[PDB]
């Protein structure tokens, strides 16, 4: 997370950390609890190949990464079938936990947006995670969970921005409809934040607008952060996660 501050302990009860077995259970991506037994994340977090499930764990909300771990094994990994190597469309996946977690004030699910919510410019949104605090600048120990308020940029304007200083034809769409843009050159998500949540407060309720996916650099001029647009994948999510 670039340009943000440490999250208060009572915020983002749905934030999770994905861990891979490598000398220790190392964080590699974020995710969000969307049901007592399901985690939402990015397809590229669990790629490029089908993973041996024994090598992965999920950690529910922690103010400081690694310090009070209670790691949870995963029962199944479901990656959107339209997703493939070196491309950013359909960057979404689900992790079914072996067990349903206890829901509480400190740990609980985030609501998915209704299909009609477009999350227009001006909407108040925050992206959270334990990722880099700047390009190639990792979050220092004790690894506090960070948050940053990011401005939403309308898709067409965002697509135009991505064409500035690029070789791509004006009529070639970089930012697609299953994507959402947020951030500026001072506030953004970054490497290490992938798969985590972009949430917006709509009429007093927190809704998950996006999943951290990609961007050119982090907080780079004319390059807003790109998120998988959750509303676009609600039917797919609903095939697996119960109401």
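Residue numbers count along the first chain shown, from 1.
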#### Entry: Mean temperature factor over C-alpha atoms, higher-scoring stretch between 222 to 230 and 17 to 25
17 to 25
### Message
Comparing average C-alpha B factors as deposited, tell me which of 143 to 151 and 167 to 175 sits higher.
### Response
167 to 175
### 213, 32, 189, 205, ranked by C-alpha B-factor: the highest one
205
### Query
Lowest, middle or highest third of the chain for the C-alpha temperature factor of residue 68?
highest
#### Entry: For residue 101, the third of its chain into which the C-alpha B factor falls
highest
### Task
Sorting the chain's modelled residues by C-alpha B-factor, tell me whether residue 117 ends up in the lowest, middle or highest third.
highest
### Message
Lowest, middle or highest third: which one holds residue 123 when the chain's residues are ordered by CA B-factor from the entry?
### Response
highest
### Chain thirds of CA B-factor: placement of residue 136
highest
